[PDB]
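Okay, structure first, notes after.
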Amino acid sequence: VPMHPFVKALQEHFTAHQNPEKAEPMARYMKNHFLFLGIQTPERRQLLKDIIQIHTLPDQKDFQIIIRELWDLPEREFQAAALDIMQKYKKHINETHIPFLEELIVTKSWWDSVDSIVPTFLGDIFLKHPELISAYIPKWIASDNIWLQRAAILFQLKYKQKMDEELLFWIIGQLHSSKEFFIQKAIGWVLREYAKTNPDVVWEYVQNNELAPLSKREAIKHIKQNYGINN
DNA sequence: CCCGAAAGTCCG
DNA sequence: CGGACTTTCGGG
């Protein structure tokens, strides 16, 4: 597939501002799973802005094409740009994009891309179409893929009073035995966050259900102050 | 300005 | 283990 001119312009502009000195620790921070150009977010967003000002944002007919082509580029900044761009097409995104979003989650996978995709884009879709949750979450949990499993945990992260508690706890129950850091941490996170909405329910859950020690400790990082730590 | 979050390192 | 600290980013 021939590169879209918008993507080529973006690649040229990013590459002209690369910083090899910054790229080295930036890559080590991601455990060297990715090449980096060495461009951090404030400049990366300005550089994207430059290209939009010159070329304009492509027609929505090319939205998914742009994202995939950026996803295929080796340096991590292009996936970060791709997520910035998807946000600009946000009002075109609906439930038919769930498989498209799945595929972004399982390719070039790490906590930075997956955390940017799940509580926002997928979170909004399932909030509007909760009947579709059961068409995906059971598969995600059963899959070998820890990022799909993390997606099942985190898609409700920002739901607050719209949280489905029964569902949340069922999902955690399914994954509480996982020895994977990124799963134990996501469980801790989502519980810590939901505790800001309903501390009593989270407290009761962690005191009476099995969790990895990391999950539990992270869950009660704040609300342990409200209940106390027994001798 | 601040704070809280993800990671990360380092230490007992 | 779990705590102290670090950077970057986003939101008040």
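So you know, we letter chains A, B, ... as the sequences are listed, proteins then strands, and number each from 1. Computed over heavy atoms, backbone and side chain alike; hydrogens, waters and symmetry mates excluded.
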TODO: Quickly work out the A:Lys216 NZ to C:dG3 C1' distance and round it to whole Å.
DONE: 17 Å
Open item on the list: In whole Å, I'd like the distance from the NZ atom of A:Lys185 to the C1' atom of B:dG4.
Closed with: 12 Å
Open item on the list: Is the phosphate of B:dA5 approached by A:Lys196 (side-chain N or O, under 4.0 Å from OP1 or OP2)?
Closed with: yes
Open item on the list: Can you confirm whether or not the ring centre of A:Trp110 sits under 6.0 Å from the ring centre of A:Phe182?
Closed with: yes
- [ ] Would you sort out whether A:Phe34 and A:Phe78 count as a side-chain contact (heavy atoms from CB on, under 4.5 Å), showing the intermediate values?
- [x] CA-CA 11 Å; A:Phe34 310 105; A:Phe78 295 113; over 6 Å; no
Task: Given C:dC1, B:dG8, B:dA5, the nucleotide with the shortest approach to the side chain of A:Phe181 - done: B:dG8
Under 3.5 Å, N/O pairs linking protein and nucleotides 10-12 of chain C:
residue, atom, partner, partner atom, Å
C:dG10, OP1, A:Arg45, NH1, 3.4
C:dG10, OP1, A:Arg45, NH2, 2.4
C:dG10, OP2, A:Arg45, NH1, 3.0

TODO: Output the single nucleotide from B:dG8, C:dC1, B:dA5 whose closest atom is nearest the side chain of A:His222.
DONE: B:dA5
TODO: Sorted by first residue and then second, give each side chain to side chain donor-acceptor pair (under 3.5 Å) pair with at least one member in residues 135-148 of chain A; sequence neighbours left out.
DONE: A:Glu102-A:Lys139, A:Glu102-A:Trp140
- [ ] Check the side chains of A:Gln184 and A:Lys179 for a donor-acceptor pair under 3.5 angstrom, ignoring hydrogens and angles.
- [x] no
Task: Nucleotide B:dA7, atom P - distance to CH2 of A:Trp111 in whole Å - done: 7 Å
Open item on the list: Given 3.5 Å as the limit, does a donor-acceptor pair link the side chain of A:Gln79 with the main chain of A:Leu70, or not?
Closed with: yes
Open item on the list: We want to know whether A:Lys8 and A:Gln11 form a side-chain donor-acceptor pair, criterion being a heavy-atom distance below 3.5 angstrom.
Closed with: yes
Task: Check against side chain to side chain donor-acceptor pair (under 3.5 Å), A:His13 and A:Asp50 - done: CA-CA 9 Å; A:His13 197 40; A:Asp50 293 339; 3.0 Å; yes
Open item on the list: Nearest whole Å is fine: how far is B:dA7 P from A:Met30 CE?
Closed with: 10 Å
TODO: Would you mind reading off the distance between A:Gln40 atom CD and C:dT8 atom P, rounded to a whole angstrom?
DONE: 5 Å
TODO: Give A:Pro25 one of three labels, base, sugar-phosphate or nothing, depending on what nucleic acid heavy atoms sit under 4.0 Å from its own.
DONE: nothing
Task: Between C:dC9 (P) and A:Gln46 (CD): distance, integer Å - done: 15 Å
Task: d(CZ, A:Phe36; P, C:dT8) in whole Å - done: 12 Å
Open item on the list: Measure CG/A:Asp112 against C1'/C:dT8 and give the value in whole Å, please.
Closed with: 12 Å
Task: Nearest to side-chain heavy atoms of A:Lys31, which nucleotide of B:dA7, B:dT9, C:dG3 - done: B:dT9
